[PDB]
Amino acid sequence: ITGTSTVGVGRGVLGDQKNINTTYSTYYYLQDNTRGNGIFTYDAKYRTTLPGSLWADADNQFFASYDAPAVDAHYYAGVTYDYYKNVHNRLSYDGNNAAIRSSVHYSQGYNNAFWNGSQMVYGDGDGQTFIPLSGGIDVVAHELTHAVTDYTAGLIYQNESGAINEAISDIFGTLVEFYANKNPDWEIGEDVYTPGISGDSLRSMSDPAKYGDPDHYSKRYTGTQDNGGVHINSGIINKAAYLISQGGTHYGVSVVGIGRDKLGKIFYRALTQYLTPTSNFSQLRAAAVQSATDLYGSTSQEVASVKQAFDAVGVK
Ligand SMILES: CC(C)C[C@H](NP(=O)(O)CNC(=O)OCc1ccccc1)C(=O)NC[C@@H](C)C(C)(C)C
Ligand SMILES: [Ca+2]
Ligand SMILES: [Ca+2]
Ligand SMILES: [Ca+2]
Ligand SMILES: [Ca+2]
Ligand SMILES: [Zn+2]
């Protein structure tokens, strides 16, 4: 909407206070004009018709319980925009500052979040498996990263290409979590998963097998559930990425870590220059090796560590 840029204040899902960029025109709207062509947050009102209505508020204060998922979807979309722009020189998900749209309060008891081809969508959870999913910065960045992938490599959402697609979203979700630097870790979704269980998470990149996901190509899922295991076999790539950054010895193979900034550079270049819609795990290894070669040189430690990490997870 046309209006003037304003700054509201509210509380997110976890009870933390933050300022949010809003727009005033009769109401105060969750419309942040400070980033690209805007970040827009909508109320889906417990329905499944999208996007719903642009979030309107009478007083620019967002402290009601019903407001909390909207505050966080809006704010964390801004952090994710900033990460891509400041770290990778990428302007929104399409590289040309496309408007970023999110809807919260999707459906009832909805234990998921997704990119629908055009926007982000967040359930509230059922209060047992999840609380409102926009409360996790890694979750928000995971979802926006699906849009980045779809506009770039275009990885088809099944089998190995789909598991790469998933891992890319977990990797960049985690790197955005580190960028914001509030309780960062290599776990996925811990802030919104299972409020009655402390210390768990939906997935682990440091130890995927803690939640049943494979950490070696020889343990890959070969069935048909979950689009051929896209949220399962992502563990193999998540583990490789963790090893590139942090190092370790895994199935007897030692990896010298190069840190999370270089991980991000290597995987961003692979995603945007070398991967294709049908890339498999072996082709991702080759793309990561080539990316590290471009950035650091063929004889570099960075290239050597990429090779060791993929060796450690059984991907040649
Ligand atoms: C980061 C996480 C909290 C949320 C993330 N959502 P996602 O990976 O983003 C779901 N995304 C999804 O299924 O996309 C398919 C699609 C939908 C609409 C249009 C086109 C394609 C995700 O991992 N979900 C699976 C969990 C909930 C399991 C337990 C595997 C069912
Ligand atoms: Ca209000
Ligand atoms: Ca965390
Ligand atoms: Ca996390
Ligand atoms: Ca939990
Ligand atoms: Zn995903």
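Counting begins at 1 with the first residue of the sequence. Whatever order the structure lists ligands and atoms in, that order sets their numbers, starting from 1. Note that these values count all heavy atoms, side chains included, but never hydrogens, waters or copies made by symmetry.
At the Ca ion (ligand 5), the vertex angle linking O of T194 with O of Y193 is 80° (nearest 10 degrees).
Among the atoms of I197, an N, O or S atom is found under 3.0 Å from the Ca ion (ligand 5). The Ca ion (ligand 5) lies at 3.0 Å or more from every N, O or S atom belonging to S198.
Nearest to the Ca ion (ligand 5), among the N, O or S atoms that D200 has, is OD1.
In summary, the side chains of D57 and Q61 do not present any donor paired with an acceptor at a separation below 3.5 Å, with no hydrogens or angles considered.
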key: side-chain contact (heavy atoms from CB on, under 4.5 Å) between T278 and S161, worked out   = CA-CA 6 Å; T278 62; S161 59; 5.6 Å; no
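Side-chain atoms of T23 and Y28, non-hydrogen and from C-beta on, never get closer than 4.5 Å to each other.
Within a 6.0 Å sphere centred on OH of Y93, other residues, nucleotides and ligands contribute more than 12 heavy atoms.
Listed by chain and number, the protein atoms of type N/O/S under 3.0 Å from the Ca ion (ligand 4) are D138 OD2, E177 OE1, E177 OE2, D185 OD1, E187 O, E190 OE1, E190 OE2; waters are omitted.
Under the ring pair (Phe, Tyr, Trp, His ring centres under 6.0 Å) criterion, the residue pairs touching residues 256-297 are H88-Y268, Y217-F281, with sequence neighbours excluded.
Of the candidates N238, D213, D170, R203 forms a side-chain hydrogen bond (donor to acceptor under 3.5 Å, both in side chains) with just one, namely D170.
Ion pairing between a basic and an acidic side chain is recognised when a charged N comes within 4.0 Å of a carboxylate O; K307 and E302 show no such pairing.
Aromatic ring centroids of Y193 and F130 lie under 6.0 Å apart.
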